[PDB]
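Peer 1: Sending over final-v8.pdb (PDB, C-alpha atoms).
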ATOM      1  CA  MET Q   1      95.447 205.549  98.772
ATOM      2  CA  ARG Q   2      97.409 203.157 100.991
ATOM      3  CA  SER Q   3      96.143 199.606 101.469
ATOM      4  CA  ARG Q   4      97.626 198.458 104.783
ATOM      5  CA  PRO Q   5      98.329 194.706 104.638
ATOM      6  CA  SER Q   6      99.011 192.935 107.963
ATOM      7  CA  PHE Q   7      97.435 190.026 109.878
ATOM      8  CA  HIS Q   8      95.495 189.569 113.176
ATOM      9  CA  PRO Q   9      92.418 187.892 111.584
ATOM     10  CA  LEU Q  10      88.770 187.333 112.471
ATOM     11  CA  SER Q  11      88.469 187.324 116.262
ATOM     12  CA  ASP Q  12      86.203 185.227 118.428
ATOM     13  CA  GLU Q  13      84.205 188.265 119.455
ATOM     14  CA  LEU Q  14      83.266 188.537 115.776
ATOM     15  CA  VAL Q  15      81.929 184.979 115.816
ATOM     16  CA  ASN Q  16      80.305 185.347 119.222
ATOM     17  CA  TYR Q  17      78.670 188.550 118.100
ATOM     18  CA  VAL Q  18      77.264 187.167 114.882
ATOM     19  CA  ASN Q  19      75.613 184.503 117.011
ATOM     20  CA  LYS Q  20      74.134 186.627 119.802
ATOM     21  CA  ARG Q  21      72.440 188.762 117.139
ATOM     22  CA  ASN Q  22      70.447 185.788 115.791
ATOM     23  CA  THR Q  23      70.558 186.438 112.049
ATOM     24  CA  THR Q  24      69.659 183.599 109.632
ATOM     25  CA  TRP Q  25      73.062 181.977 110.007
ATOM     26  CA  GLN Q  26      75.654 180.736 112.486
ATOM     27  CA  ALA Q  27      79.379 181.412 112.579
ATOM     28  CA  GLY Q  28      82.481 179.675 113.798
ATOM     29  CA  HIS Q  29      86.150 179.776 112.977
ATOM     30  CA  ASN Q  30      87.063 178.707 109.447
ATOM     31  CA  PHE Q  31      90.446 180.266 108.996
ATOM     32  CA  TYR Q  32      93.176 179.642 111.435
ATOM     33  CA  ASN Q  33      96.697 180.957 111.337
ATOM     34  CA  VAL Q  34      96.221 182.909 108.232
ATOM     35  CA  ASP Q  35      97.713 186.243 107.112
ATOM     36  CA  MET Q  36      95.206 188.941 106.070
ATOM     37  CA  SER Q  37      96.954 189.078 102.718
ATOM     38  CA  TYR Q  38      95.526 185.563 102.371
ATOM     39  CA  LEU Q  39      91.898 186.488 103.175
ATOM     40  CA  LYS Q  40      92.172 189.288 100.636
ATOM     41  CA  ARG Q  41      93.685 187.426  97.669
ATOM     42  CA  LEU Q  42      90.917 184.894  98.439
ATOM     43  CA  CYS Q  43      88.431 187.546  97.343
ATOM     44  CA  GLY Q  44      89.926 188.094  93.877
ATOM     45  CA  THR Q  45      87.129 189.627  91.782
ATOM     46  CA  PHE Q  46      86.586 193.220  90.604
ATOM     47  CA  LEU Q  47      82.898 194.236  90.435
ATOM     48  CA  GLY Q  48      81.411 195.245  87.082
ATOM     49  CA  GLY Q  49      83.526 195.788  83.982
ATOM     50  CA  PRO Q  50      82.258 194.245  80.813
ATOM     51  CA  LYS Q  51      78.797 192.801  81.387
ATOM     52  CA  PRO Q  52      78.053 190.421  78.460
ATOM     53  CA  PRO Q  53      74.703 191.371  76.759
ATOM     54  CA  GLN Q  54      71.536 189.913  78.415
ATOM     55  CA  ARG Q  55      70.167 186.383  78.042
ATOM     56  CA  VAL Q  56      66.601 187.559  77.423
ATOM     57  CA  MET Q  57      65.155 184.728  79.475
ATOM     58  CA  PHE Q  58      62.001 183.464  77.836
ATOM     59  CA  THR Q  59      60.224 183.373  81.184
ATOM     60  CA  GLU Q  60      56.466 183.082  80.644
ATOM     61  CA  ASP Q  61      55.120 179.561  80.804
ATOM     62  CA  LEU Q  62      57.832 177.965  82.991
ATOM     63  CA  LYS Q  63      56.564 176.667  86.265
ATOM     64  CA  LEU Q  64      59.916 176.650  88.163
ATOM     65  CA  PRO Q  65      60.198 174.612  91.431
ATOM     66  CA  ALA Q  66      60.147 175.926  95.018
ATOM     67  CA  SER Q  67      63.555 174.459  95.723
ATOM     68  CA  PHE Q  68      66.225 173.028  93.469
ATOM     69  CA  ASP Q  69      69.715 171.503  93.712
ATOM     70  CA  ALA Q  70      71.581 171.129  90.415
ATOM     71  CA  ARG Q  71      73.499 168.231  91.941
ATOM     72  CA  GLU Q  72      70.218 166.303  92.222
ATOM     73  CA  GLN Q  73      68.976 167.231  88.733
ATOM     74  CA  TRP Q  74      72.122 166.203  86.872
ATOM     75  CA  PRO Q  75      73.558 163.404  89.091
ATOM     76  CA  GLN Q  76      75.662 162.087  86.222
ATOM     77  CA  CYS Q  77      77.511 165.407  85.999
ATOM     78  CA  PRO Q  78      79.764 165.137  89.162
ATOM     79  CA  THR Q  79      81.480 168.414  88.398
ATOM     80  CA  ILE Q  80      78.448 169.903  90.026
ATOM     81  CA  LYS Q  81      79.379 168.466  93.460
ATOM     82  CA  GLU Q  82      83.045 169.388  93.234
ATOM     83  CA  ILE Q  83      84.485 172.114  95.441
ATOM     84  CA  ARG Q  84      87.830 173.565  94.428
ATOM     85  CA  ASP Q  85      90.653 175.595  95.979
ATOM     86  CA  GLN Q  86      92.097 178.757  94.496
ATOM     87  CA  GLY Q  87      95.129 178.733  96.770
ATOM     88  CA  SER Q  88      96.464 182.189  97.704
ATOM     89  CA  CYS Q  89      95.626 183.299  94.208
ATOM     90  CA  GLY Q  90      92.701 185.621  93.620
ATOM     91  CA  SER Q  91      91.810 183.262  90.790
ATOM     92  CA  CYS Q  92      88.194 182.927  91.951
ATOM     93  CA  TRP Q  93      86.858 184.870  88.960
ATOM     94  CA  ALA Q  94      88.481 182.130  86.870
ATOM     95  CA  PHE Q  95      87.081 179.614  89.290
ATOM     96  CA  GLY Q  96      83.382 180.383  89.218
ATOM     97  CA  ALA Q  97      83.865 180.523  85.480
ATOM     98  CA  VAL Q  98      85.449 177.154  84.882
ATOM     99  CA  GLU Q  99      83.532 175.403  87.690
ATOM    100  CA  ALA Q 100      80.257 176.148  85.959
ATOM    101  CA  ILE Q 101      81.679 175.735  82.459
ATOM    102  CA  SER Q 102      82.694 172.267  83.542
ATOM    103  CA  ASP Q 103      79.135 171.377  84.622
ATOM    104  CA  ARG Q 104      77.383 172.814  81.579
ATOM    105  CA  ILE Q 105      79.547 170.815  79.206
ATOM    106  CA  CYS Q 106      78.427 167.611  80.882
ATOM    107  CA  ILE Q 107      74.844 168.998  80.864
ATOM    108  CA  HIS Q 108      74.633 170.246  77.254
ATOM    109  CA  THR Q 109      77.083 167.743  75.776
ATOM    110  CA  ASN Q 110      74.366 165.155  76.440
ATOM    111  CA  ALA Q 111      74.017 164.972  80.235
ATOM    112  CA  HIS Q 112      76.626 162.179  80.200
ATOM    113  CA  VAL Q 113      80.162 163.542  79.444
ATOM    114  CA  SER Q 114      82.371 165.057  82.183
ATOM    115  CA  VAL Q 115      85.653 166.973  82.071
ATOM    116  CA  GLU Q 116      87.188 169.379  84.588
ATOM    117  CA  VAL Q 117      87.996 172.627  82.842
ATOM    118  CA  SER Q 118      91.419 173.993  83.786
ATOM    119  CA  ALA Q 119      91.186 177.032  86.036
ATOM    120  CA  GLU Q 120      94.931 177.160  85.343
ATOM    121  CA  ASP Q 121      94.598 177.504  81.586
ATOM    122  CA  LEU Q 122      92.295 180.502  82.033
ATOM    123  CA  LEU Q 123      94.077 182.018  85.033
ATOM    124  CA  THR Q 124      97.471 182.024  83.329
ATOM    125  CA  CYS Q 125      96.769 182.288  79.592
ATOM    126  CA  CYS Q 126      94.030 184.902  79.467
ATOM    127  CA  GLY Q 127      95.721 188.257  79.946
ATOM    128  CA  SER Q 128      94.765 191.859  80.762
ATOM    129  CA  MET Q 129      91.445 190.866  79.172
ATOM    130  CA  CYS Q 130      90.582 188.945  82.284
ATOM    131  CA  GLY Q 131      92.733 191.291  84.348
ATOM    132  CA  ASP Q 132      95.485 190.399  86.811
ATOM    133  CA  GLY Q 133      95.702 186.652  87.332
ATOM    134  CA  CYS Q 134      96.024 185.977  91.074
ATOM    135  CA  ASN Q 135      95.546 189.626  91.910
ATOM    136  CA  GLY Q 136      91.969 189.952  90.795
ATOM    137  CA  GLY Q 137      90.050 189.378  87.627
ATOM    138  CA  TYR Q 138      86.911 189.985  85.605
ATOM    139  CA  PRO Q 139      84.403 187.068  85.740
ATOM    140  CA  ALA Q 140      82.735 188.367  82.594
ATOM    141  CA  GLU Q 141      85.907 187.951  80.601
ATOM    142  CA  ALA Q 142      86.565 184.357  81.741
ATOM    143  CA  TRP Q 143      83.500 183.153  79.934
ATOM    144  CA  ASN Q 144      84.529 185.366  77.117
ATOM    145  CA  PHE Q 145      88.005 183.880  76.854
ATOM    146  CA  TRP Q 146      86.429 180.410  76.902
ATOM    147  CA  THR Q 147      84.260 181.301  73.933
ATOM    148  CA  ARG Q 148      87.228 183.229  72.495
ATOM    149  CA  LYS Q 149      90.122 180.725  72.788
ATOM    150  CA  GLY Q 150      88.760 177.822  74.783
ATOM    151  CA  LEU Q 151      90.018 175.993  77.888
ATOM    152  CA  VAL Q 152      91.753 172.627  78.240
ATOM    153  CA  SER Q 153      91.213 170.042  80.966
ATOM    154  CA  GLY Q 154      92.706 170.502  84.399
ATOM    155  CA  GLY Q 155      91.668 169.434  87.849
ATOM    156  CA  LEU Q 156      92.766 170.059  91.417
ATOM    157  CA  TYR Q 157      96.353 170.545  92.548
ATOM    158  CA  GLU Q 158      98.540 167.449  92.196
ATOM    159  CA  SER Q 159      95.443 165.495  91.064
ATOM    160  CA  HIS Q 160      97.189 164.698  87.803
ATOM    161  CA  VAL Q 161      93.823 165.103  86.065
ATOM    162  CA  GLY Q 162      93.724 166.798  82.656
ATOM    163  CA  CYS Q 163      95.892 168.907  80.290
ATOM    164  CA  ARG Q 164      97.016 171.475  82.871
ATOM    165  CA  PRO Q 165      96.090 170.829  86.540
ATOM    166  CA  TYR Q 166      96.163 173.768  89.003
ATOM    167  CA  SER Q 167      99.852 174.076  90.012
ATOM    168  CA  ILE Q 168      99.082 176.528  92.803
ATOM    169  CA  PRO Q 169      98.963 174.537  96.058
ATOM    170  CA  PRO Q 170      96.252 175.084  98.687
ATOM    171  CA  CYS Q 171      97.187 176.182 102.202
ATOM    172  CA  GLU Q 172      95.855 174.412 105.290
ATOM    173  CA  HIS Q 173      94.183 177.579 106.560
ATOM    174  CA  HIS Q 174      91.383 175.660 108.281
ATOM    175  CA  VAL Q 175      93.898 173.975 110.578
ATOM    176  CA  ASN Q 176      96.948 174.089 112.898
ATOM    177  CA  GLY Q 177      99.167 176.990 113.936
ATOM    178  CA  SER Q 178     102.412 174.967 113.920
ATOM    179  CA  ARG Q 179     102.681 175.037 110.123
ATOM    180  CA  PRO Q 180     103.533 178.191 108.107
ATOM    181  CA  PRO Q 181     101.164 181.195 108.374
ATOM    182  CA  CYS Q 182      98.993 181.341 105.288
ATOM    183  CA  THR Q 183     100.191 184.555 103.689
ATOM    184  CA  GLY Q 184      98.012 185.419 100.742
ATOM    185  CA  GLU Q 185     100.873 185.889  98.356
ATOM    186  CA  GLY Q 186     102.562 184.643  95.223
ATOM    187  CA  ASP Q 187     102.406 185.450  91.528
ATOM    188  CA  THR Q 188     100.489 184.222  88.510
ATOM    189  CA  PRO Q 189     101.786 181.022  86.862
ATOM    190  CA  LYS Q 190     103.174 181.576  83.374
ATOM    191  CA  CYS Q 191     100.928 180.642  80.469
ATOM    192  CA  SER Q 192     102.374 177.281  79.486
ATOM    193  CA  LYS Q 193     100.440 176.197  76.409
ATOM    194  CA  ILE Q 194     101.200 172.554  77.090
ATOM    195  CA  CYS Q 195      99.570 169.626  78.851
ATOM    196  CA  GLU Q 196     101.369 167.615  81.488
ATOM    197  CA  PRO Q 197     103.107 164.409  80.390
ATOM    198  CA  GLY Q 198     101.006 161.272  80.678
ATOM    199  CA  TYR Q 199      97.819 162.830  79.376
ATOM    200  CA  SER Q 200      96.957 162.580  75.628
ATOM    201  CA  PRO Q 201      95.339 164.470  73.603
ATOM    202  CA  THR Q 202      97.750 167.368  73.217
ATOM    203  CA  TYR Q 203      96.967 170.901  74.356
ATOM    204  CA  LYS Q 204      95.344 172.248  71.199
ATOM    205  CA  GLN Q 205      93.415 169.032  70.885
ATOM    206  CA  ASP Q 206      92.164 169.341  74.477
ATOM    207  CA  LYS Q 207      90.790 172.927  74.249
ATOM    208  CA  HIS Q 208      86.984 173.152  74.831
ATOM    209  CA  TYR Q 209      85.276 176.206  73.252
ATOM    210  CA  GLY Q 210      82.101 177.924  74.410
ATOM    211  CA  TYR Q 211      79.487 179.294  72.034
ATOM    212  CA  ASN Q 212      78.605 182.571  73.735
ATOM    213  CA  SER Q 213      78.997 184.603  76.893
ATOM    214  CA  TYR Q 214      76.042 186.393  78.511
ATOM    215  CA  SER Q 215      74.570 188.242  81.460
ATOM    216  CA  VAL Q 216      71.546 186.940  83.260
ATOM    217  CA  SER Q 217      69.283 189.812  84.183
ATOM    218  CA  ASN Q 218      69.154 191.183  87.706
ATOM    219  CA  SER Q 219      66.058 189.166  88.475
ATOM    220  CA  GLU Q 220      65.568 186.296  90.903
ATOM    221  CA  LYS Q 221      63.136 184.663  88.516
ATOM    222  CA  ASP Q 222      65.456 184.974  85.506
ATOM    223  CA  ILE Q 223      68.466 183.667  87.342
ATOM    224  CA  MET Q 224      66.384 180.679  88.501
ATOM    225  CA  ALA Q 225      65.386 180.012  84.916
ATOM    226  CA  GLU Q 226      69.008 180.107  83.637
ATOM    227  CA  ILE Q 227      70.030 177.569  86.266
ATOM    228  CA  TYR Q 228      67.034 175.266  85.717
ATOM    229  CA  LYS Q 229      67.197 175.344  81.929
ATOM    230  CA  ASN Q 230      70.973 175.422  81.606
ATOM    231  CA  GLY Q 231      72.691 174.629  84.871
ATOM    232  CA  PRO Q 232      74.934 176.576  87.278
ATOM    233  CA  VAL Q 233      75.916 180.136  86.536
ATOM    234  CA  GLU Q 234      78.654 182.401  87.857
ATOM    235  CA  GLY Q 235      77.878 185.408  90.035
ATOM    236  CA  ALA Q 236      79.810 187.652  92.401
ATOM    237  CA  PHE Q 237      79.332 189.462  95.687
ATOM    238  CA  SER Q 238      81.075 191.697  98.222
ATOM    239  CA  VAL Q 239      82.788 189.772 101.012
ATOM    240  CA  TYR Q 240      82.643 191.358 104.468
ATOM    241  CA  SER Q 241      84.753 190.097 107.347
ATOM    242  CA  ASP Q 242      81.735 188.344 108.877
ATOM    243  CA  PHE Q 243      81.295 185.980 105.896
ATOM    244  CA  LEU Q 244      84.659 184.296 106.283
ATOM    245  CA  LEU Q 245      83.179 182.936 109.504
ATOM    246  CA  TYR Q 246      80.222 181.286 107.913
ATOM    247  CA  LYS Q 247      79.313 177.786 109.062
ATOM    248  CA  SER Q 248      75.644 177.104 108.289
ATOM    249  CA  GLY Q 249      72.216 178.470 107.507
ATOM    250  CA  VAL Q 250      71.416 181.470 105.337
ATOM    251  CA  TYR Q 251      74.069 184.158 105.176
ATOM    252  CA  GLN Q 252      73.014 187.723 105.669
ATOM    253  CA  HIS Q 253      75.770 190.314 106.199
ATOM    254  CA  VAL Q 254      75.714 191.640 109.785
ATOM    255  CA  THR Q 255      79.049 193.308 110.732
ATOM    256  CA  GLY Q 256      82.457 193.265 109.118
ATOM    257  CA  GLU Q 257      84.816 195.205 106.921
ATOM    258  CA  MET Q 258      84.482 195.220 103.096
ATOM    259  CA  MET Q 259      87.211 192.615 102.425
ATOM    260  CA  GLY Q 260      86.716 192.674  98.680
ATOM    261  CA  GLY Q 261      84.768 191.365  95.698
ATOM    262  CA  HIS Q 262      84.597 187.579  95.301
ATOM    263  CA  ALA Q 263      83.151 185.435  92.463
ATOM    264  CA  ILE Q 264      80.892 182.386  92.785
ATOM    265  CA  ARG Q 265      78.988 179.525  91.148
ATOM    266  CA  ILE Q 266      75.255 179.336  91.835
ATOM    267  CA  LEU Q 267      73.878 175.871  91.443
ATOM    268  CA  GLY Q 268      70.577 175.997  93.260
ATOM    269  CA  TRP Q 269      68.065 177.588  95.550
ATOM    270  CA  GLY Q 270      65.426 177.084  98.198
ATOM    271  CA  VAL Q 271      63.901 178.310 101.407
ATOM    272  CA  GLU Q 272      65.442 177.516 104.751
ATOM    273  CA  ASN Q 273      62.791 178.374 107.361
ATOM    274  CA  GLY Q 274      60.966 181.287 105.804
ATOM    275  CA  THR Q 275      64.341 182.417 104.455
ATOM    276  CA  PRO Q 276      64.746 182.241 100.692
ATOM    277  CA  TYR Q 277      68.263 181.502  99.504
ATOM    278  CA  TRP Q 278      70.700 180.564  96.832
ATOM    279  CA  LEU Q 279      72.756 177.355  97.058
ATOM    280  CA  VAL Q 280      76.301 178.430  96.273
ATOM    281  CA  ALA Q 281      79.747 176.722  96.310
ATOM    282  CA  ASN Q 282      83.067 178.385  97.158
ATOM    283  CA  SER Q 283      86.664 178.244  95.880
ATOM    284  CA  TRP Q 284      88.231 177.888  99.340
ATOM    285  CA  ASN Q 285      87.985 174.111  99.759
ATOM    286  CA  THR Q 286      85.600 171.800 101.534
ATOM    287  CA  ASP Q 287      86.612 172.779 105.042
ATOM    288  CA  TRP Q 288      85.057 176.250 104.861
ATOM    289  CA  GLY Q 289      81.340 176.628 105.467
ATOM    290  CA  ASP Q 290      79.200 173.551 104.748
ATOM    291  CA  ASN Q 291      81.453 171.180 102.763
ATOM    292  CA  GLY Q 292      82.624 174.122 100.708
ATOM    293  CA  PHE Q 293      79.118 175.404 100.132
ATOM    294  CA  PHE Q 294      77.123 178.251 101.706
ATOM    295  CA  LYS Q 295      73.622 179.729 101.352
ATOM    296  CA  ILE Q 296      73.090 183.450 100.832
ATOM    297  CA  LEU Q 297      69.860 185.491 101.201
ATOM    298  CA  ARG Q 298      67.930 185.390  97.903
ATOM    299  CA  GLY Q 299      65.728 187.937  96.094
ATOM    300  CA  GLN Q 300      67.228 191.087  97.527
ATOM    301  CA  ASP Q 301      70.452 191.475  95.520
ATOM    302  CA  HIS Q 302      71.992 190.843  98.893
ATOM    303  CA  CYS Q 303      75.673 191.803  98.719
ATOM    304  CA  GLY Q 304      75.105 192.035  94.949
ATOM    305  CA  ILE Q 305      74.520 188.296  94.612
ATOM    306  CA  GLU Q 306      72.012 188.662  91.782
ATOM    307  CA  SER Q 307      73.746 191.502  89.939
ATOM    308  CA  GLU Q 308      76.646 189.801  88.167
ATOM    309  CA  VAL Q 309      75.322 186.472  86.862
ATOM    310  CA  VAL Q 310      77.126 185.545  83.672
ATOM    311  CA  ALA Q 311      76.547 182.248  81.906
ATOM    312  CA  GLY Q 312      77.377 180.601  78.632
ATOM    313  CA  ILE Q 313      76.368 177.742  76.370
ATOM    314  CA  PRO Q 314      78.960 175.349  74.873
ATOM    315  CA  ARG Q 315      79.441 174.802  71.125
ATOM    316  CA  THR Q 316      77.618 171.676  69.858
ATOM    317  CA  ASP Q 317      79.356 168.627  68.316
TER
END
Output the file's structure in the form of structure tokens.
Peer 2:
Amino acid sequence: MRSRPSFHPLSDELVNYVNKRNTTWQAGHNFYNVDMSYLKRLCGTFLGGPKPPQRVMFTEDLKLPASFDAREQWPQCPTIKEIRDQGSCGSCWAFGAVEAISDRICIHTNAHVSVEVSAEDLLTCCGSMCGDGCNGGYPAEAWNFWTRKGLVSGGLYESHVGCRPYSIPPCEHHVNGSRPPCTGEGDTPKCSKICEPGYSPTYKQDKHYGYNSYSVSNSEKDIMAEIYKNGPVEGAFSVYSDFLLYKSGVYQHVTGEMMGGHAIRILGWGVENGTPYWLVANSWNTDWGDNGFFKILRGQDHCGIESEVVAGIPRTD
């Protein structure tokens, strides 16, 4: 083994090609002046590991809709619209986890009470359990740590929102070459069991605990029913070099190298011109894709999209 890290990103010919082929999506340049170490740490999820049981979806007598956008169902739970940034930290497994966890609280805690769960608290305080912090991690075990120990509040970098807000700064990858090259590097922040000054409750007071962690079957129908009945879920999929260039439409892998495994948050679905899809949000800001979101081919375990859906339900009262 010998992973060769370097640079010289996603060409134009890659974009141009993806277009001339006429797949269900159109490319463009998202990352500019970025180091391939960046693009890699961006995809920070290992695939498989410790699948949590199986939410035996009671599907039979549940006339699901043809299309659905969780942002439109629960409009009072804004966490659903929010797109985050993992920085050059393969903290995405922690991201899909807390992004959804955040929604579901507002949804199950009486669709009326929002809080941004700290991707920092989980990223830094979990441990081998979840894996390697910014170097990759197990989505399954994020949910599990939530249920296990809980997660305090904590919004975007320098947002000053919550117990522990993400201290890892984002890089302007979607812009200018005059600034510093975005090298995907750094280390995992140290687990500081303490909220920032200004915010009250304390840390222990602020910890939100889940009730259980579970796997949604590998079934389009089942996944749809988890999302409809309980809100967004967290999945994962293999990122090929062509995906980083996604701009709009329904993503279907055409060309590209197997960059790595990256986690996600599925919040909806639909059909875009005879092309069924899943409405998913990313952890690489609002400049990538369509306002941070992208649509991937549904019902074909495309890139493993429907094979790692883990979800959880919060503890009542």
Peer 1: Could you state the separation of atom CA of residue Q:59 and atom CA of residue Q:263 in Å, given to one decimal place?
Peer 2: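 Taking atom CA of residue Q:59 and atom CA of residue Q:263, their separation equals 25.6 Å.
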Peer 1: Between Q:2, Q:204, Q:29, Q:108, which one has atoms that come closest to residue Q:153, using only C-alpha atoms?
Peer 2: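 Of Q:2, Q:204, Q:29, Q:108, the one nearest residue Q:153 is Q:204, counting only C-alpha atoms.
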Peer 1: Given the choices Q:250, Q:46, Q:112, Q:191, which gets closest to residue Q:274 if the distance is worked out from all atoms listed in the file?
Peer 2: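 Between Q:250, Q:46, Q:112, Q:191, the residue approaching residue Q:274 most closely is Q:250.
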Peer 1: Neighbours of residue Q:75 within 12 Å (all atoms listed in the file; same-chain residues fewer than 6 positions away dropped), as an mmCIF file with C-alpha atoms, keeping the file's coordinate frame?
Peer 2:
data_model
loop_
_atom_site.group_PDB
_atom_site.id
_atom_site.type_symbol
_atom_site.label_atom_id
_atom_site.label_comp_id
_atom_site.auth_asym_id
_atom_site.auth_seq_id
_atom_site.Cartn_x
_atom_site.Cartn_y
_atom_site.Cartn_z
ATOM 1 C CA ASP Q 69 69.715 171.503 93.712
ATOM 2 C CA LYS Q 81 79.379 168.466 93.460
ATOM 3 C CA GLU Q 82 83.045 169.388 93.234
ATOM 4 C CA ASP Q 103 79.135 171.377 84.622
ATOM 5 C CA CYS Q 106 78.427 167.611 80.882
ATOM 6 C CA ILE Q 107 74.844 168.998 80.864
ATOM 7 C CA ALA Q 111 74.017 164.972 80.235
ATOM 8 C CA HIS Q 112 76.626 162.179 80.200
ATOM 9 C CA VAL Q 113 80.162 163.542 79.444
ATOM 10 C CA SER Q 114 82.371 165.057 82.183
#
Peer 1: Run through the PyMOL selection byres ((chain Q and resi 64) around 8) on the given coordinates and return the selected residues as a ChimeraX atom specification.
Peer 2: /Q:62-63,65-66,224-225,228
Peer 1: Please determine, counting only C-alpha atoms, which residue among Q:241, Q:124, Q:109, Q:79 has the shortest atom-to-atom distance to residue Q:210.
Peer 2: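 Comparing Q:241, Q:124, Q:109, Q:79 against residue Q:210, the winner is Q:109.
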Peer 1: What does the structure give for the distance between atom CA of residue Q:126 and atom CA of residue Q:149, in Å to one decimal?
Peer 2: 8.8 Å
Peer 1: Kindly give the distance, in Å, that separates atom CA of residue Q:176 and atom CA of residue Q:10, rounded to a single decimal.
Peer 2: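 Atom CA of residue Q:10 lies at a distance of 15.6 Å from atom CA of residue Q:176.
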Peer 1: Could I get the residues of stretch 149-256 of chain Q with an atom no further than 12 Å from an atom of stretch 132-136 of chain Q, each paired with its nearest atom pair and that distance in Å to one decimal, using all atoms listed in the file, sorted by chain and residue number, as a Markdown table?
Peer 2:
| residue | atom | partner | partner_atom | distance |
| --- | --- | --- | --- | --- |
| Q:168 | CA | Q:134 | CA | 10.1 |
| Q:184 | CA | Q:134 | CA | 9.9 |
| Q:185 | CA | Q:134 | CA | 8.7 |
| Q:186 | CA | Q:134 | CA | 7.9 |
| Q:187 | CA | Q:134 | CA | 6.4 |
| Q:188 | CA | Q:134 | CA | 5.4 |
| Q:189 | CA | Q:133 | CA | 8.3 |
| Q:190 | CA | Q:133 | CA | 9.9 |
| Q:191 | CA | Q:133 | CA | 10.5 |
Peer 1: When you count only C-alpha atoms, which of these residues is closest to residue Q:143: Q:73, Q:212, Q:286, Q:67?
Peer 2: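 Smallest distance to residue Q:143 is found for Q:212.
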Peer 1: Using only C-alpha atoms, which residues sit within 6 Å of residue Q:238 once same-chain residues fewer than 2 positions away are excluded, as a ChimeraX atom specification?
Peer 2: /Q:260-261,303
Peer 1: Can I get the selected residues back with C-alpha atoms, as a PDB file, keeping the file's coordinate frame?
Peer 2:
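Result file result_37.pdb:
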ATOM      1  CA  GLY Q 260      86.716 192.674  98.680  1.00  0.00           C
ATOM      2  CA  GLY Q 261      84.768 191.365  95.698  1.00  0.00           C
ATOM      3  CA  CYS Q 303      75.673 191.803  98.719  1.00  0.00           C
TER       4      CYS Q 303
END
Peer 1: Since I can't run it myself right now, could you work out what the PyMOL selection byres ((chain Q and resi 9) around 12) selects here and report it as a ChimeraX atom specification?
Peer 2: /Q:5-8,10-15,29-40,173,181-183,241-242,244-245,256-257,259
Peer 1: Suppose we keep C-alpha atoms; can you now write the selection as a PDB file, in the frame of the given file?
Peer 2:
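See again14.pdb below for the written result:
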ATOM      1  CA  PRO Q   5      98.329 194.706 104.638  1.00  0.00           C
ATOM      2  CA  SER Q   6      99.011 192.935 107.963  1.00  0.00           C
ATOM      3  CA  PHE Q   7      97.435 190.026 109.878  1.00  0.00           C
ATOM      4  CA  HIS Q   8      95.495 189.569 113.176  1.00  0.00           C
ATOM      5  CA  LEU Q  10      88.770 187.333 112.471  1.00  0.00           C
ATOM      6  CA  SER Q  11      88.469 187.324 116.262  1.00  0.00           C
ATOM      7  CA  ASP Q  12      86.203 185.227 118.428  1.00  0.00           C
ATOM      8  CA  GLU Q  13      84.205 188.265 119.455  1.00  0.00           C
ATOM      9  CA  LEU Q  14      83.266 188.537 115.776  1.00  0.00           C
ATOM     10  CA  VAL Q  15      81.929 184.979 115.816  1.00  0.00           C
ATOM     11  CA  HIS Q  29      86.150 179.776 112.977  1.00  0.00           C
ATOM     12  CA  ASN Q  30      87.063 178.707 109.447  1.00  0.00           C
ATOM     13  CA  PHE Q  31      90.446 180.266 108.996  1.00  0.00           C
ATOM     14  CA  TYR Q  32      93.176 179.642 111.435  1.00  0.00           C
ATOM     15  CA  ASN Q  33      96.697 180.957 111.337  1.00  0.00           C
ATOM     16  CA  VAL Q  34      96.221 182.909 108.232  1.00  0.00           C
ATOM     17  CA  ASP Q  35      97.713 186.243 107.112  1.00  0.00           C
ATOM     18  CA  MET Q  36      95.206 188.941 106.070  1.00  0.00           C
ATOM     19  CA  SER Q  37      96.954 189.078 102.718  1.00  0.00           C
ATOM     20  CA  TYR Q  38      95.526 185.563 102.371  1.00  0.00           C
ATOM     21  CA  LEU Q  39      91.898 186.488 103.175  1.00  0.00           C
ATOM     22  CA  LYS Q  40      92.172 189.288 100.636  1.00  0.00           C
ATOM     23  CA  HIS Q 173      94.183 177.579 106.560  1.00  0.00           C
ATOM     24  CA  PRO Q 181     101.164 181.195 108.374  1.00  0.00           C
ATOM     25  CA  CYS Q 182      98.993 181.341 105.288  1.00  0.00           C
ATOM     26  CA  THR Q 183     100.191 184.555 103.689  1.00  0.00           C
ATOM     27  CA  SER Q 241      84.753 190.097 107.347  1.00  0.00           C
ATOM     28  CA  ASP Q 242      81.735 188.344 108.877  1.00  0.00           C
ATOM     29  CA  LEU Q 244      84.659 184.296 106.283  1.00  0.00           C
ATOM     30  CA  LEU Q 245      83.179 182.936 109.504  1.00  0.00           C
ATOM     31  CA  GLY Q 256      82.457 193.265 109.118  1.00  0.00           C
ATOM     32  CA  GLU Q 257      84.816 195.205 106.921  1.00  0.00           C
ATOM     33  CA  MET Q 259      87.211 192.615 102.425  1.00  0.00           C
TER      34      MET Q 259
END
Peer 1: Hey, which of Q:218, Q:144, Q:159, Q:26 ends up closest to residue Q:116? Count all atoms listed in the file.
Peer 2: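 Distance minimum relative to residue Q:116 lands on Q:159.
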Peer 1: For each of Q:98, Q:311, Q:57, Q:27, take the minimum atom-to-atom distance to residue Q:211, counting all atoms listed in the file, then give the residue where this is smallest.
Peer 2: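 Using all atoms listed in the file, residue Q:211 sits closest to Q:311.
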